[PDB]
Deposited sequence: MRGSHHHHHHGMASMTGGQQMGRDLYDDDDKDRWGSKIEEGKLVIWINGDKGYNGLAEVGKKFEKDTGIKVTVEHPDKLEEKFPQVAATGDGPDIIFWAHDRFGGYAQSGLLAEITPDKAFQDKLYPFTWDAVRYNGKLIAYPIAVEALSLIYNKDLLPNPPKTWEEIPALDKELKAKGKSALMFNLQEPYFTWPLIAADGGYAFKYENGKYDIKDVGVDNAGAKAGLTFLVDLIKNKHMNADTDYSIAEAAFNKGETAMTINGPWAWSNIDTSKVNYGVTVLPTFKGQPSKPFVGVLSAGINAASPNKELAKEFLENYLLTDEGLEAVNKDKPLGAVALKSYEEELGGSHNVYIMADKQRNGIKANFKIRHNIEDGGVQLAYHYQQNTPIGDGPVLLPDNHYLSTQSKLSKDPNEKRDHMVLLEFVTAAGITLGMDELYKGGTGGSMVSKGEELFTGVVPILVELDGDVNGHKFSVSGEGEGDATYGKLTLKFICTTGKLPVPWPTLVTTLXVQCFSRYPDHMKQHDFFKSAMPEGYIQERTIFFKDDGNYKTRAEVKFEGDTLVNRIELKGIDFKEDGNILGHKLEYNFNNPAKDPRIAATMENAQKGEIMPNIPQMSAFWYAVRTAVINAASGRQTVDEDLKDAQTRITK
């Protein structure tokens, strides 16, 4: 019918009231300073409901911030402009974040950050938080005797109860090669019913109240009245302020399975009715999606795991082994940072650089960018009198969403290392076994020359990533197994912060039916009284993340499932909100409530 009501030569931004809007307004101010384009940030109530209404009239903000789930219904209605970042810009964000903001293939928002719920706990009330939902009733009873509760969280919004509902099988819409079946809905299967029954049981047994909402839970946790809550990264600042000694960790399991929170990509979309689309583009691309821009928002209220690689590298500290194809060497490179705990406190950084080149001239898989997530545990064999290390490691590939035949069983491993650190020569032999099906390494190492002159934990990375578990969907990214049996050369430099460096070269290959890692290490420039040569590192491989809260967010997100963005998501949310609220409050049984939700969603 008519023209836009939105004013030219300025930007009006809507963002939710739980996000860092004062921080974003600081980015606005800098933009205004540089360009003369005034930026107003607003945080209206129920803004995800008000946008489609005002935007259809040709009105509303120039930019709207929300999790990516609602943007497909906006895009279906013609309310969002197709965005046009070029290849160079797109390469600056994780690929998977761009996929969250596609509607019929087209990019319709800029991803900003990847959000998942975690378990937030009070370390003074609960130094070891529960691994299982099932143990929380007894924990509540114990805490109640001391006038505290175990757990309070927002039961009024379905986003917060969904991790429990989905844990044993509930799902929103079924995904089947390419799209969501709008008629195959998982809110009323056995798994959803069991989660929602567990929640209702908590309320019947008086471990939770039906009326707990976002404000009540946050105030209870921040005043030290409940030992746990469930919330997202945006809430961490208010906790910081309260001075409660908190941790953020993996959500509890239910019937043995991880909780499955929905994964939201906070995203910024451009109103189709804005006459300021180029200015909005410049703001989001050249001001907000920069390290300085995300930091201003992040310092206000934490974003989580940001979409922008450069700033996620600064926040996250390169926790995982990050792998890239090195086409020139028909191989790969990798970098990552290990953090070794120092005995009476502190952390000793070890910056790792890596490259692998196949030995044989035969074909190998060159992967897309991805990472390996590694967990290691160190122990001692009480019968072993030589200086030694017992290692158990688990490794899995992630980071996107024939030699392999030599690894389908359990392979014996042998390791030989000749070292020279500041002229101090030493040798290590190891043996054990790898089970690539489970990503599992079990090994024992001995210093064959007497006392190891460096801490054992500093040699863990040097002492067979062919034993990583690459899931089905990622097998084409496994360079390591594809090199075998002839194998590969692996080279590293490892720089120890404020101290020396290791340079390593290894051949990793089958000799007969044994996987053998033969290594030469040279250490130069170390301090004799430093952490390494002075043996000041704790004996473990805890390798804590720079920010354990971000690590816990990504752990929970990988166990979760990306929100669909289909227009039917608004009927989904309404239907589950109603079913959960009803069931909690004793209106109808869990079965009837979830059945009504199913019927409403699929109509």
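- Not built in the structure, per the record, are deposited positions 1 to 32, 434 to 450, 513.
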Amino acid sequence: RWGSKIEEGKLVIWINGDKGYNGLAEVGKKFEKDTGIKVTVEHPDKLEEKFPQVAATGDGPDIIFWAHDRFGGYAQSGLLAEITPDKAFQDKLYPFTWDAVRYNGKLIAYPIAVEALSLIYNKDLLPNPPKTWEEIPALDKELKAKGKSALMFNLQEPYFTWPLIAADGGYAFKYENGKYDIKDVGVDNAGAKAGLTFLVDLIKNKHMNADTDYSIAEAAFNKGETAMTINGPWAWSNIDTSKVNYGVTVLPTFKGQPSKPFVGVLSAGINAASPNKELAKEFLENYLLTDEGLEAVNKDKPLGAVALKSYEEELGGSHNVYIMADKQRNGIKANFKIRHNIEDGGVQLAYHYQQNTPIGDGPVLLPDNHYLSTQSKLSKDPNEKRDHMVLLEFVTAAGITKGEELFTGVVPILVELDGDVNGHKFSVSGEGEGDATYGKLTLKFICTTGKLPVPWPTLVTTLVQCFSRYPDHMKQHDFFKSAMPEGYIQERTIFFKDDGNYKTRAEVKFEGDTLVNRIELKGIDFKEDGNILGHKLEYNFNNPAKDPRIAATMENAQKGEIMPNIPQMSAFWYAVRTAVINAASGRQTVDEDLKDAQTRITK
From here on, numbers count along this sequence of modelled residues.
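- Between 292 to 300 and 183 to 191, the higher mean Cα B-factor belongs to 183 to 191.
- In this entry, 505 to 513 shows the higher mean Cα temperature factor of the pair 221 to 229 and 505 to 513.
- Between the residues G264, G269, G523, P412, the entry's highest C-alpha temperature factor is the one at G523.
- Of the candidates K281, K148, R469, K385, the one whose C-alpha carries the top B factor in the deposited record is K385.
- Annotation for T212: CA B-factor lies in the lowest third of the chain's modelled residues.
- Annotation for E433: C-alpha temperature factor in the middle third relative to the rest of the modelled chain, per the entry.
- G500 sits in the highest third of its chain by CA B factor, as recorded in the PDB entry.
- The entry lists a Cα temperature factor for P548 that places it in the lowest third of the chain's modelled residues.
- In this PDB entry, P61 carries a Cα temperature factor that places it within the lowest third of its chain's modelled residues.
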